[PDB]
Every structure is written in structure tokens, then in C-alpha cells.
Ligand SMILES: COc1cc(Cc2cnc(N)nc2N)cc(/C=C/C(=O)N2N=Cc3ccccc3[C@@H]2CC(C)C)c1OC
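This document opens with one chain alone, in C-alpha cells, the form deposited without the named molecule.
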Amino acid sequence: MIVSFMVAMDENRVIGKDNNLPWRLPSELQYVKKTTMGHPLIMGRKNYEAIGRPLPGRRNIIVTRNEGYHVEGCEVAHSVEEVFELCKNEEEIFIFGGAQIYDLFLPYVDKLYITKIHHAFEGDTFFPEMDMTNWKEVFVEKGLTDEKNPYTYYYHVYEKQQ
């Protein structure tokens, strides 16, 4: 089972609050929608809450330690193990969460999808350079700049080699 992690960072590799873009910037959310269609999307509660609804045509799983947290139209898991149990029959899952969730799943991540925005935003977490002895860049794709997405941005997708 392939585990893919999705992150968005600014031009200096800094991640905004909870791996959520500021000021309702739709850049990453649009990409997550397109990319995870047909496969489970695993979110931290803060990412789900930013979206505010389950995305259509896929399982939406919120991972949270909070045992009293309930969401209509979504599944709730309370640990890495519970996520894997829910997804034991899935060929691939996508995880869209914050630093804690990245750390939790890191040993199992096969593919990283990094959206890099060419602008600096206030943030308190630096995402280190990719170790290219153990990751390969599969492709780079220029993002669609428009009214709602004013900045240049690129999707960099990496696959864990060893």
C-alpha cells in the first residue's frame, strides 16, 4: 500500500499553520482535490476544518487523538494504526496534515507531493531540503496561476527510492 504525503510550503520552505495556506488561498486545496480523487484522503482535524466538508468521490478520514470528535460524512481515526486498519484494503492513501501528522507517518511515506509557492508567508515550521540520496524527483509541474491563485507555484513530486 502506497502512502503519499501532501504538503504546501512557501518560497523558503516554510509551512504555514497546520499545513494550511493563509487567507483562504485555494492553491493547495484545489490540488488535493484533483490529486486524491478515488483514494482515501487522511487529514488532521485542522486541515479538514479548513476545508469544512468531506471531498466527494473518496473516503475522508480525520486522524485525531480526540476520542470525542465526530464528523458527518467522514471517518475518524485516533492513531496511525487506526488509519492503517481502516485502509488495509486500499492500494494507496494520501495524507494531508500538519507537522505532528507528518512525523507520525514519516517512516511509512513512499511519495511526497510538495507544492512550493513563490512567495514568503509567515510560518513557524521549516521543511528541510529533500535528501536526494534517498528520494528521486518523479516530476515537476507548474501550477495554474489565476485570479484566486496570484503567485507562481510548482508541484514537486518525489518517490522514496530505497
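Basically, rigid core = biggest C-alpha set you can superpose within 1.5 Å across the two forms. Residue indices: 1-based, along the sequence shown.
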Stretch with the higher entry mean CA B-factor, where the candidates are 39-47 and 25-33: 25-33
If you average the CA temperature factors as listed in the entry, which stretch comes out higher, 110-118 or 64-72? 64-72
By the record's CA B-factor, is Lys148 among the lowest, middle or highest third of residues in the chain? highest
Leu104's Cα B-factor: lowest, middle or highest third of the chain? middle
With respect to C-alpha B-factor, does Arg59 fall in the lowest, middle or highest third of the chain as deposited? lowest
How does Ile95 rank on Cα B-factor within its chain, lowest, middle or highest third? lowest
Quick one: classify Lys17 as lowest, middle or highest third of the chain based on its Cα B-factor. highest
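What follows is about the form deposited with the named molecule bound, which we do not show.
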Take the pose in the deposited bound form, superimpose it on this chain at the site, and classify the pocket for the named molecule as open or blocked using 3 ligand atoms within 2.4 Å of backbone or C-beta as the minimum for blocked. blocked
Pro107, heavy atom within 4.5 angstroms of the named molecule in the deposited bound form: no
Applying a 4.5 Å heavy atom distance criterion, does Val3 contact the named molecule in the deposited bound form? no
Distance check, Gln30 to the named molecule in the deposited bound form, heavy atom within 4.5 Å: yes
Can you tell me if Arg58 lies within 4.5 angstroms of the named molecule in the deposited bound form, counting non-hydrogen atoms only? yes
C-alpha of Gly123: shift of 2 angstroms or more between the shown form and the other one, rigid core aligned? yes
Once you line up the core, how about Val138: does its CA shift reach 2 Å between the shown form and the other one? no
After a rigid core superposition, would you say the CA of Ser27 moves by 2 angstroms or more between the shown form and the other one, or not? yes
With a C-alpha distance change of 3 Å or more, do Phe127 and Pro40 lie closer or farther in the deposited bound form? closer
Pair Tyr153/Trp23, Cα separation in the deposited bound form versus the displayed form, closer or farther by 3 angstroms or more: closer
